Amino acid sequence: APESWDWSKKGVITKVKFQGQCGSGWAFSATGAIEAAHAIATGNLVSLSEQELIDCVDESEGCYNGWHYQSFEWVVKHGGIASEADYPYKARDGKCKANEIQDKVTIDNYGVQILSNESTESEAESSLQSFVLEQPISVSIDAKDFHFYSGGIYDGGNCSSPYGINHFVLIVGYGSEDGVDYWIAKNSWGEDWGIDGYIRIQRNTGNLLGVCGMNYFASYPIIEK
Ligand SMILES: *[C@@H]1O[C@H](CO)[C@@H](O[C@@H]2O[C@H](CO)[C@@H](O)[C@H](O)[C@H]2NC(C)=O)[C@H](O[C@@H]2O[C@@H](C)[C@@H](O)[C@@H](O)[C@@H]2O)[C@H]1NC(C)=O
């Protein structure tokens, strides 16, 4: 395995998007992962629709909150996801128009990993790095400090147990700086936020659940080449 890896430099990651005043991080983390997995498997990178997920994933709650795995499940069940162009983002709840969509990007399946008190940090870090090398993954996280972030490696700051799940980000890679390891995470708050729209999250901090609970629930779309 590489000492560092960044899918955002491999031509499989779309530009950083802006979710606005809508708690749809779950949807952006999901489209971001599908966009990457699709590009990695087919060689074609195309921006996908967060709005379709917001309006159609009945198990989630649109702009209030939702889930990455429920989005992937919905995509498998409905033959694919619409493009950003064909199903524009409205930043608010809307009527599901999936039946009116012609072109769709499909996924073969999806994976999920929910940590239990039986796992160790080493195993958590190992499995996650393993998934990331195959394709970007979505993770739930407590983004309480995100509006304070401007750059550098975020170490968890004000996060503490219990970690709330109020946001999702896309882990596209990892690296290390001066002996400090970190994940490269794509956010959906515009390119002006953080490091060109991304945030470096410290890893191997010692807590099984990771920084702000990011190790807790990973989920990703699966697509064969
Ligand atoms: C943890 O919470 C602290 C209190 O809310 C954060 O500090 C506050 O950050 C604000 C935005 O940067 C700033 O306007 C406040 O003055 C400051 N509060 C105090 C009393 O310092 C803290 O943010 C980090 O630390 C502060 C001091 C600044 O350097 C921020 O830029 C840092 O992000 C939070 N910890 C984090 C976000 O890691």
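Positions of Cβ are backbone-derived with ideal geometry, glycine not excepted, and every protein chain shown enters the neighbour counts. Read-outs: derived from the displayed coordinates by stated rules, not from any lab.
Values computed for the structure shown
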read-out	value
Residues of the stretch 125-148 that turn out to be away from the ligand (no atom under 16 Å from the Cβ) and either assigned to a loop (DSSP other than H, G, I, E, B) or closer than 20 Å to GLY197 by Cβ (or both), as a count	7
Answer residue from the stretch 40-71, given it is polar (S, T, N, Q) and more than 24 Å from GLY11 (Cα to Cα) and is surrounded by the most Cβ atoms within 10 Å (Cβ to Cβ) among those	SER60
From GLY164, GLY157, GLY175, residue being over 25 Å from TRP5 (Cβ atoms) and either part of a strand (DSSP E or B) or within 8 Å of the ligand (Cβ to nearest atom) (or both)	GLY157
Pair list, Cβ under 7 Å, 6 or more apart: the stretch 138-162 residue more than 27 Å from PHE72 (Cα to Cα) and acidic (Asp, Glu), other residue part of a loop (DSSP other than H, G, I, E, B) and near the ligand (Cβ under 7 Å from one of its atoms)	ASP145/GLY157; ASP145/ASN158
Unmet requirement for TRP183, which otherwise passes all of (1) under 19 Å from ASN207 (Cα atoms); (2) out of contact with any helix residue (DSSP H, G or I) (no Cβ under 8 Å at 6 or more places or on another chain)	(2)
Checklist (1) under 22 Å from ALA185 (Cα atoms); (2) more than 16 Å from the ligand (Cβ to nearest atom) applied to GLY151, failing item	(2)
Residue check, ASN117 within 16 Å of the ligand (Cβ to nearest atom), of a type outside the set (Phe, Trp, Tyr) and not in a helix (DSSP H, G or I)	no
Qualifying residue in the stretch 191-203 (condition: on the phi > 0 side of the Ramachandran plot, touching a strand residue (DSSP E or B) at 6+ places or on another chain (Cβ under 6 Å) and not charged (D, E, K, R))	no
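The rows are residues; the columns are (1) buried (at least 23 other Cβ atoms within 10 Å of the Cβ); (2) of a type in the set (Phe, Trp, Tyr); (3) within 18 Å of the chain's Cα centre (by Cα).
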residue: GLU125; (1), (2), (3): no, no, yes
residue: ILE137; (1), (2), (3): yes, no, yes
residue: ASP145; (1), (2), (3): no, no, yes
residue: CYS159; (1), (2), (3): no, no, no
residue: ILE171; (1), (2), (3): yes, no, yes
residue: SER176; (1), (2), (3): no, no, no
